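My questions will all concern the structure given below.
Letters A, B, C, D, E and F mark the chains as written, and numbering starts fresh at 1 in each.
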Amino acid sequence: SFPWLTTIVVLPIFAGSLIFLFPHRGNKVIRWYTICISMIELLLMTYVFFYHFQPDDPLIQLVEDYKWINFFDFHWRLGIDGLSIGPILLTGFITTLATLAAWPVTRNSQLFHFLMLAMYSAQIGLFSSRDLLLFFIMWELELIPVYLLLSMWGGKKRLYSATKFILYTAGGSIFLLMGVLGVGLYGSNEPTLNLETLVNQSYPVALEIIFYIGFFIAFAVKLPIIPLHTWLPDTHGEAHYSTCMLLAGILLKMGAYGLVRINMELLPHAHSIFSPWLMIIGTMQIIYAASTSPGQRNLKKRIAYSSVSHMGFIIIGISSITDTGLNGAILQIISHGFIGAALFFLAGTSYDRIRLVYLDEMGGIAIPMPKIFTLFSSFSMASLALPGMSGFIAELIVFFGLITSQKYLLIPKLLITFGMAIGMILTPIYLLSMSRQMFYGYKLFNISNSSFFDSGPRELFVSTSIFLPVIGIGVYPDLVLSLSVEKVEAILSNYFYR
Amino acid sequence: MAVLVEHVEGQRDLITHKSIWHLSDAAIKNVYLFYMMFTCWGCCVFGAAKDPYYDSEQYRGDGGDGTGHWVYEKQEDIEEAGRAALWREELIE
Amino acid sequence: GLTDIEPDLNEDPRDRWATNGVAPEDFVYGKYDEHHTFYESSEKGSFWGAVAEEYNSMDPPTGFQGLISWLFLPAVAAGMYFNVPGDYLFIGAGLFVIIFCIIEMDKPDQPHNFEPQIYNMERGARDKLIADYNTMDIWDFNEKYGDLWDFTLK
Amino acid sequence: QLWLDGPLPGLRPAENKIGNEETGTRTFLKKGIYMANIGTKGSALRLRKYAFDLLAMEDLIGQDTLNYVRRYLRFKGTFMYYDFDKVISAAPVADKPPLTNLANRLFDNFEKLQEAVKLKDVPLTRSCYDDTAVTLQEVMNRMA
Amino acid sequence: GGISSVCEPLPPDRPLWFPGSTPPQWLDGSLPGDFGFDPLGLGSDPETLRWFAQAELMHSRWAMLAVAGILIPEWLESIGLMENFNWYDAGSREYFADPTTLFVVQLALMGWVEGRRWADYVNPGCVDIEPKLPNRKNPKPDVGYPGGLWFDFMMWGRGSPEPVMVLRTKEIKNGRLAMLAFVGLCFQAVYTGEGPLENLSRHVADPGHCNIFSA
Amino acid sequence: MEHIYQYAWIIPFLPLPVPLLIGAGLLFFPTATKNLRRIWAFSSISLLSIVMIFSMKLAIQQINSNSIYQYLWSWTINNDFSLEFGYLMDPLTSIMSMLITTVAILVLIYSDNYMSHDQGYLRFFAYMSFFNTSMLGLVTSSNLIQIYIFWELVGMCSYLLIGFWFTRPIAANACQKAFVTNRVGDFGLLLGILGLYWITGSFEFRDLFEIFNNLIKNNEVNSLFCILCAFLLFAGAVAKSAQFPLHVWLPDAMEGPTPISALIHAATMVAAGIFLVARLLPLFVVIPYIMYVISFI
């Protein structure tokens, strides 16, 4: 009866709108108020997941429907299931930790924390939206906060990166809007935008293919798909590391979530048509990004291309029409949200001390900064698909989903299985080299770098608190999969003969 | 009960013990809940803690502000300030 | 880093993939690598003394804040073990978060909390600024040192 | 050919009349499960092994873990259903009626166990699983 | 500054067995586990004090080995990795030889080394077992605390991690505890008619009963 | 009889608390942890001694018996997939566990005095104990997934220990070279495991061997795929045992400290390839050309 999801969506942006009533200077009160709001919201989502979400239910849960515009038949409609609660919890966790890690920011702290809370609200509103136009609105609601965060707290090339990001996202999202208009106006009697009634809609093959292309262009601009990935390297490389958490851990997974929710669920026939061509694209994306990563002298650009490489396993699990492949895609979503954010955070904190960019001049950092060396090595191992971490089990489950797939027969099933395997040969080749060019060797450092130079309690806590779920999922993957084994099956139930 | 013995000719016999065990969804929710409260506690405690580098003079004295581009802007600013100081010195003299 | 003088440009190229440390022929083995640089000493301090020193160096919360920050996690673990209702746990966690954040807002401000322009003024003027900001109300401070935050004025 | 064009094939009907009389198929069957093609000997070995795996499910039966009981039951039930179909289809004609009767009793026990799990009734689940247990022990004794 | 390999005597205000009392004049804290406990004055003579210190050390080590060899196999039997262990009945079991000939062989073998130890106590340094390598210098060991390659292959003594006095008092205290433990086990095996861990189990449950006063 | 095997999960997981506590301390309480240097080493030695005593009792039981004991549990329960984890105690496992424990306790005792004046003492012993845990998990593994998990974990420990002195540039190159050379073998081993799962449908050794023998003897599978999977499986053994053509990592693996050279590249890690080939020998026997390839290599 109580509007839980509406309260969860509204609370961060509504609380951040009141951050301008504070007449205090500095950043202390602003950052403590922002972390209070973030932790209260996190506890609210924890209560919702604990007491009102049932992982055994394949249906929509905690639905809320309020008619907002009559002409479009447009409703503020919210609802969660096994697909959305994982991204919602990840969004809350990563956004709270990014607010905590953005504490040295003393320039325009009020606007920074307001934009962080706005990003919180927009991501949560996207992940819990059951209306197509509401989905599009929540998709669009992050162009301005990320643009401002990039252009006001980014790197050397922040302005060009922000312009490229906003223009690329608008270019994808106009195709998203065209797909929304096409799907929502297909009704013979009246327009409809609810996903529940749209999941039973029947389209001709050509119109379904056109709608799939219209949605897929947007979901390939957002989730990096070759060759619509060029915004990502300069956007993530020249962004603040706290913003890089949201960019590489949350915003990248939104394209995959839209692919499951819309392309995979609403339009199954066009998805079955397009998936074998998506498999080759994902494998070539893995190889292409894992080969582009050694060519990048910049550390953050290398990490961004690593993120592009890791998105290929999600693409494969999407295109492999099995329950196991979709479960592996969700597991890789969670694993990458836990790995890329921490890697970007460590890179930013290390740059705040070393103040160097290109890898060929950052030797010997392990001598003054051993703890950040340890965390960087551990998160590289997590990136390396090492067992005991979530990445290995995610890639293994994706491999199993391909092997167990019934759509493909033998030879492609070989040539793709070999394919990503080449990727996990290329993934060490730069990553360890990165460490070898960033921590190994001897350099004579200043005496002032002997003390008060390593990561403090806050950075250690952030890295540990993102590292622990990685180990917890790599040991017991069903800490995540059990939330979405049922709903994924329902998503697969439309892909078989009926 | 949950124990199977297989005999193979020319091979040592095998005794297999099996236990199909899985965590309940309540236990998983408890793990998630405890990790959320641990995250909140750590955020509070380690935000209340002192930061050895970001509160130091080595960071704030150089012009740091938590912003990722302060180094390049500070460099261009000190070159422009040197040129302006030369202009001031030539104006005074 | 930052250079007040334009640095000499690199005339000779360097390999990108090479290790950035010193040359192996210039490496002082046993010293540069900490392999023969730990000689023991009878003067080793207490283990628990080291634990207390490391904990106190982090500047822990003290008093009621220290009490709640110490007693939060064992209370949550005991409540989850004793099968007490979880709504009470959520109420306690929210109350702890709000109380902790309010107490932290009540704590005085330090020089590192402000802008680099405020940090890099005259040290005596900065000390007077910090002393006033923690003493008078925020409205009096804003009506007295407001123009110091117009960074285009100077 | 590289990939299938239409929708993926569903539950292939058994040709040994081991399904339900009214429907022609069993409720615990799950579509999309990859069954490896080994042959009659491999199907018999997998049948015995998976009967042992389902007899390893005493621990999973509880008030909190009935969904995992249902999931494991559906998975292994599809596996042993199609393995039983394979071994009956390649059995001698004299041995087909008893094998079909044993399979029918085992799958009726599977349906009763799934029905008990659905109502979240634990004593009913235990009794139905005990009947399933004696049937599975009979299955491994037959197929050793 | 470095590693001191000499025992440091305890200060005269060290904790005592009976606080508020005057420690005896022959117990100045130079021995391990020195708590000033000598009501009968048995350590008045320094030579007999040295002999009694060596005897206490020997009894300590034998008692610790004894209690370990009682408890760990008993803890394994209760777990289930030992079929029929019983330390009381262990002496009357059937082995490859009679107890008498085994006792004679043990007497000869042990009276070799106990007698080499006697010669070392009477004449320190008369018997040396640590090798005299060409340029390695062998430090002079204390009587009753030998050990180079064989007895101290860890180099945990001679001032390494804990000072020699600290580790020696630790050894002596664990030894006294083990002597008391072994005498308790010997009396319990004939009083309760049961094993040690079983007696502990029936004492932990309802400790008001199942005691010395209920057999 | 059956009691000892039940409590054998303790064999890989007994050294683990020392690396866990050392890592947590050295990341959070460095001075307090470093105050207990030789104490940590002796704790590792005592835990490995307990593991060695258990393994000796297991070996003595295995010599005078005609039974192999396997324990399994359901790691993952999904609608489409299900994974298992457990331990198998066959004579090869007992032999390997005896070899590992007996060499490793002496290596720990040696490392106490080898790194007497080093500052990375605690990190060194944490790395060694974590390798011991990984290798003991590898030799007692019951399915191919667990084998691959502890295979890659052992490779990770070797990478960490070879480049122990990270300030040395030669070790800096050598650790990465060793990890990549072993990762080629890991890629081959994973491909072989996936192919074996596709052909058979199982990861357990006995069931996979019986299924493969039935398939080969009745000509129900093409021989080229079987030979390819066997060669891919043997590639991992070639890489980890440092054989042709993936032998290049072994000479550079000696840029690490000598006890690591002994324990890792002399007795245990280089024996992982031999252990894997001997474990998969009933599979390789029926496959036509793979035994000649193994002998030629």
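Details
Keep this in mind: a residue touches a chain if its C-beta (ideal position, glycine included) is under 8 Å from a C-beta of that chain, and two chains touch if they have at least 3 such contacts.
Chain by chain, the UniProt names read as follows: A = NAD(P)H-quinone oxidoreductase chain 4, chloroplastic; E = Chlorophyll a-b binding protein, chloroplastic.
Centrality by Cα centroid goes to chain B.
For the interfaces C-F and B-C, the C-beta contact count is higher for B-C.
Averaged C-alpha coordinates give centres for chain E and chain F that are 41 Å from one another. Per-chain Cα centroids separate chain C from chain E by 51 Å. Chain B and chain D, compared by their mean Cα positions, are separated by 48 Å. The centroid of the Cα atoms in chain A and the matching centroid in chain B are 16 Å apart. The multi-chain contact residues of chain C, meaning those touching 2 or more other chains, are 1-2, 19, 21-22, 27, 32-33, 39, 58, 86, 93, 97, 101, 104, 112, 115-116.
Multi-chain contact residues of chain F (touching two or more other chains) are listed as 36, 72, 74, 77-80, 167-169, 172-173, 198. For chain A, the set of residues that touch two or more other chains comprises 32, 35, 39, 43, 46, 50, 56, 106-107, 322-323, 355, 364, 403-404, 433, 436, 440-442, 457, 460, 476, 478, 485.
Screening every pair of chains for touch gives A-B, A-C, A-D, A-F, B-C, B-D, B-F, C-E, C-F, D-F, E-F.
The part of chain A that touches chain C in the complex is made up of residues 23-29, 32-33, 35-36, 39-40, 43, 46-47, 50-51, 106-107, 297, 355, 359-364, 433, 436-437, 440-443, 457.
Against chain B, in their complex, chain C makes its touches with residues 1-4, 58-61, 65, 69, 72-73, 76-77, 80, 86, 89, 93, 96-97, 100-101, 104, 110-112, 115-116, 119-120.
Residue ranges of chain A in contact with chain D, taken from their complex: 56, 272, 276, 321-323, 403-409, 411-412, 485, 492, 495-498. Chain D makes touch with chain A in their complex at residues 1-4, 6-10, 31-34, 67, 71.
Those residues of chain D lying in contact with chain B across their complex are 52-53, 55-60, 62, 64-65, 67-68, 72, 140.
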